[PDB]
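# Observations on chain architecture
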Protein chains: 2
Amino acid sequence: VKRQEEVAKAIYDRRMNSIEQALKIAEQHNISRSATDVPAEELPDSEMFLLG
Amino acid sequence: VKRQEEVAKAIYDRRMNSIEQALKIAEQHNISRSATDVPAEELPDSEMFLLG
């Protein structure tokens, strides 16, 4: 139970970091439209910049 | 564990090269030889030009 708790936290922390980095790039290049209709739930950690 | 870290490194490096080559050809034929560039507009909805 202790091992399963720390595994889920590591994944959650990684997702937090990726979101923050993609926000800075989007504001720098001034992209506000939704380039892709695929929902953010199933997007690879690389490509959040394909969102407004 | 160390083997798993170097497997993901190889895939990540392959994605690096693929994107760089796309920029080279796009900045050689579309921009350098032809007048097509960012000021050509139609960036939001032009399919291939949206991925310019």
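Residues numbered from 1 in each chain as written, not as in the entry; some residues may be left out. Chains lettered and ligands numbered in written order. Part of a larger assembly, values for the part shown. Heavy atoms only, no water.

Per the PDB entry, chain A is named ECA polysaccharide chain length modulation protein, and its organism is Escherichia coli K-12.

## What to know about the overall build of chain A
We count it as follows: Under the DSSP-based scheme used, a helix requires at least four consecutive residues in state H or I and a strand at least two consecutive residues in state E, with every element numbered from the N terminus. When we talk radius of gyration, it's over C-alpha atoms, and the globule rule is simply 2.2 Å times the number of residues to the 0.38. Relative accessibility thresholds used throughout: buried, under 20% of the residue-type maximum; exposed, over 50%; partly exposed, between the two (1.4 Å probe, protein chains only). Residues scored as positive are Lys and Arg, those scored as negative are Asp and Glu, and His as well as the terminal groups of each chain are ignored. To locate a charge, take NZ of a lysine, CZ of an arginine, CG of an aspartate or CD of a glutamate.
In terms of regular secondary structure, chain A is built from one helix and zero strands. Its C-alpha atoms give chain A a radius of gyration of 14 Å, more than 25% over the compact-globule value 10 Å for 52 residues. In terms of principal-axis extent, the alpha carbons of chain A reach across some 45 × 20 × 10 Å. Considering chain A as a whole, with its 52 residues, one finds that 10% of them fall into the buried category. Here chain A holds 7 positive side-chain charges and 10 negative ones, and the gap between their average locations is 6 Å.

## Thoughts on unusual backbone geometry
With a phi angle near 60 degrees, B:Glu42 is a residue other than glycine that sits in the positive phi range. Here B:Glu42 lies in the segment after α1 (2–33).

## A closer look at the pattern of salt bridges
Residues and elements named next belong to chain A. As a reminder of what qualifies: Think of a salt bridge as a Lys or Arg side-chain nitrogen and an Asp or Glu carboxyl oxygen that are within 4 Å of each other.
Scanning the model with the defined rule gives one salt bridge over all chains in all. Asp45 serves as the salt-bridge partner of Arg15, at 2.9 Å between the closest nitrogen and oxygen. Here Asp45 lies in the segment after α1 (2–29) and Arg15 lies in helix α1, a separation of 30 residues in the sequence. A residue is classified by how much of its surface remains accessible, and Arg15, at 27% relative accessible area, is partly exposed. On the basis of relative accessibility, which here comes to 40%, the residue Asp45 falls in the partly exposed class.

## Here we look at the side chain of A:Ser18
All names here are of chain A. Applied cut-off: N or O atoms closer than or at 3.5 Å make up a polar contact, with two conditions inside protein: a donor-capable atom paired with an acceptor-capable one, and, for residues adjacent in sequence, both atoms drawn from side chains. Only heavy atoms enter the contact rule, under which two residues are in contact if any of them lie within 4.5 Å.
Mapped onto the fold, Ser18 is located in helix α1. Residue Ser18 is classed as buried on the basis of its relative accessible area of 16%. At 3.4 Å, the side chain of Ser18 and the backbone oxygen of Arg15 are in polar contact. With residues near it in sequence (within four places) discarded, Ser18 still touches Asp45 and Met48.

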